[PDB]
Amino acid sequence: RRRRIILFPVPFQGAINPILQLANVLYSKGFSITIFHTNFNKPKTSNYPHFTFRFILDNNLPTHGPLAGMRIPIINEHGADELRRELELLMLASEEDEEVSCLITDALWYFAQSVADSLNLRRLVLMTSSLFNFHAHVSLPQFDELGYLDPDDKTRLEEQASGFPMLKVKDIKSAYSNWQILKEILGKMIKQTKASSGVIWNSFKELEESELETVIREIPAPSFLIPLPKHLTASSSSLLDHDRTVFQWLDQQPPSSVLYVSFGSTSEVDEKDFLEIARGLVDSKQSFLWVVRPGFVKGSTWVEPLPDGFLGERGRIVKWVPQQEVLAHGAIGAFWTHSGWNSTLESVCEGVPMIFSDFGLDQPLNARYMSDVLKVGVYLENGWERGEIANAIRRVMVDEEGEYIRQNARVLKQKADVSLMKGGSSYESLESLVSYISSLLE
C-alpha cells in the first residue's frame, strides 16, 4: 500500500472503539494502518491482523477507576519527546514506495499537535463526542458571563439558556460542574483541535444539522462527519470477554419486548439510587437485560444489595455484552442509557429509542439534544424515582402515546443508512476525507 496512516487513541473503551472503527474504514479505502497504543488497556492485536501495532509511552497508577484517567494529563505533559522519536523512526523506516500520510489522534491528545508540527507531519483529530457538545464548549464564555458556571448558585435551573435555547440552565450546570478543574485541559484540546489539519466527527449531517454552521465557523481546518457504527461495530476492540448467555436469552423473548440497560463504564450510584433503579425496572413490568459493571454501586463489588430473586424471571444482569450487536437484536424495544456518545450513536444507528440518564460531562447535553430536538427518547432529568422510571420505560416501549418516539428512532436510522449510500452526506464526507489525506504530501 502506497499510503500509511498512524492512529493514536486514548486507551479507554469509548475512545479505542471509534479510533479502530475509523482505522477499518480507512483500511477499506486502501490505506495501510499503524496503531500507536499504550500497553495499558491494549486491544487484542490478534483481532487486527491487517494492522500494525506499535506500543509506546508506558513500555503505580490503577488500571481501573477514575484514577485510571490520570494517564491522559501525564502523557500530554511528558510524552512529546518519545512520540516524536517513534513517529520519526517510522517515517524513516518506510518503504521506498511508501509514505506516512498523516497522524490521527483523539482530540484529547492535544500534545500531539506540536509534535506532528515539528516533523512536518499533518495531524487530524477524531472527535469522540458530538458537534452539539462542541457547540456548547465554544459557547462557554457566554455561559460564564451569564453566571451559569457557578456551582453554588441554584437559580433558573428549568429555564432555557439565553442565546442557546436548545439547552436548559441545569444542563449547563451538570455538564460543566467541574469547570474550574477542567477548563485548562478542555481549552488545550479545543486550541489544538482548531490548529489541526482536519477534524473527523463520529456523527452524520442529518443527526446534528443545527450544529454544522458552528464547526465551519469555529474550526478553520476541514471537518468530516462519518457515523462509524454504521460502518461496523466495535466488537473487535472489546477489552473484556462478551457474555456468552445473552443471545440465547434474547431468542426466548418476543420482539421489542426487552429493555437494554447500561449506565456506562465509570458511572457510579449510591445504594439507595441503585435500589430505586431496580424497583423502577420491576415496576415497569418489562423484560430487561442490564449490564452492570463491577463498581457501579458505591460500596459493593457488583450487585450485592439486590435481594435474591428481586428482579424475577423478566430480568437479567450481566457484566459485558457486544453492545451494538445486542441493540441490533429484534428482542430489544428500548435502551436505558447514560447518554455516552458511542452508546447514543449506536442506538440511533440501530433505530432503538432511548430512556436517558446522565452522570455529567457531555451526557446531559446528549440526553437533551436526543430527547428534545430529535425526540428519540425520554430524559429522566430529575433523579431516580421508581414511578417516573416505570412511566418512561412504558412510554417508549408500550404506550400508544410513545409511538412518535419509536417512529422517530426508525426514521433516524433510515437517515443514517441513506447518508452512507453513494450520494449521501457521509459517503461524500468519507470521499472527501480520503482525497484530502491522499493530497497531503504532493
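Numbering starts at 1 and follows the sequence shown.
> Per the record, how many residues of the deposited chain fall between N59 and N60 without being modelled: none, 1 to 3, 4 to 9, or 10 or more?
Per the deposited record, the segment joining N59 and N60 lacks coordinates for 4 to 9 residues.
> Averaging only over Cα atoms, indicate whether 341-349 or 172-180 has the higher B-factor in the PDB entry.
According to the PDB entry, the answer is 172-180.
> Can you tell me which stretch has the higher mean Cα B-factor, 60-68 or 39-47?
Here the higher of the two C-alpha B-factor means belongs to 60-68.
> Whose C-alpha has the highest temperature factor in the PDB entry: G299, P364, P229, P254?
Result of the comparison over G299, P364, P229, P254: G299.
> Maximum C-alpha temperature factor per the entry, among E209, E98, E86, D117, belongs to which one?
In this record, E98 carries the highest C-alpha B-factor of the candidates.
> Pull the Cα B-factor of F247 out of the PDB entry and bin it into the chain's lowest, middle or highest third.
Middle third.
> According to the PDB entry, is the CA B factor of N408 in the bottom, middle or top third of its chain, that is, lowest, middle or highest?
Its C-alpha B-factor belongs to the lowest third of this chain's values.
> Considering only modelled residues of the same chain, in which third does the CA B-factor of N382 rank: lowest, middle or highest?
For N382, the deposited C-alpha B-factor lands in the highest third.
> Grab the CA temperature factor for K154 from the record and place it in the lowest, middle or highest third of its chain.
Highest third of the chain for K154's C-alpha B-factor.
> Would the CA B-factor of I437 place it in the lowest, middle or highest third of its chain?
As the PDB entry reports it, the C-alpha B-factor of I437 lands in the middle third of its chain.
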